[PDB]
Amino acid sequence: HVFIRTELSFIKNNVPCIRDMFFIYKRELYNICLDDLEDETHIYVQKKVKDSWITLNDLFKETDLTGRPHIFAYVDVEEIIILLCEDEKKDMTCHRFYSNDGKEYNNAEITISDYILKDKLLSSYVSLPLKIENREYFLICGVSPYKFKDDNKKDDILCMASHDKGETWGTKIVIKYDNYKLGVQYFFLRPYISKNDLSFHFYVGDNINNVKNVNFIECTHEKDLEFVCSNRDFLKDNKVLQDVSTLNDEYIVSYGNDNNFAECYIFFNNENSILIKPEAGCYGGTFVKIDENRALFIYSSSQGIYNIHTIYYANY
């Protein structure tokens, strides 16, 4: 029938990150800390070692470009690839970092000549290869901020793919999102890949901070390099949808009590339920899936303190 086991640890961090970007490489947890308060800006690659984040390398030090770039990190079996991309132009200019231990990185300046994602809003995320027809692909996906008429010629979500570990971005994945509603802002679009199945987790609101309703669309593969998505209704009355992940081919949905996240509720297959109530809140709670039956739920209850909830789940 079912199995739920939850243990939690803490992680101290002596680097005050503006934004955290967790990832699991070779079954271990790493962070992509952005340190930007003589303002030496850093894009540190930290790693969890016992109960502390250990800084391994600064990617911004080895970077020609300025400003907070777009960070796209891809975690395949035998390597990490992280891209730092200048936002503002006809061509995109990225810096491609490669590592296979988590500490050693070797950058290479890349140029996405005449990119399609121009005009589309991009944002930083961690992803994993998506296999389509005997070929894995890394995805840089963008959304159209505002829509006023239903143009078919122009698709709302656009994805450029790379089947050479991020070296050349010439493939175009066609995303067909049939529920794109008019007048409102759409932001923080990040794809969710699992079991070689594609989905997108984005926000729909009035402003990046004013209104932030979480949306989730699951896509099916219609034909060669073309996907067609539809919305997934995770709405629970008197609860705020926060993160969505999958364990055991079942959704793991995070909800808050209000938009202040004093308490979080985690639902498994909607069949089972647990409560996260930081003794501080659970704001910014995210699932960092480790395995098909194990995920992490991380939020920071203070500056420098991370709460690492480890969740084990299995259904039969």
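When you see a residue number, it is the position in the sequence shown, counting from 1.
- In this entry, residue 88 is separated from residue 89 by 4 to 9 residues of the deposited sequence that have no coordinates.
- The question of which stretch, 60-68 or 253-261, has the higher mean Cα B factor is settled in favour of 60-68.
- In the PDB entry, a CA B factor belonging to the lowest third of its chain's modelled residues is recorded for residue 79.
- Sorting the modelled residues of the chain by their CA temperature factor places residue 166 in the middle third.
- Per-chain ranking of the deposited C-alpha B factor places residue 196 in the highest third.
- For residue 293, the recorded CA temperature factor ranks within the lowest third of the chain's modelled residues.
- Ranked by Cα temperature factor within the chain, residue 275 sits in the lowest third according to the deposited record.
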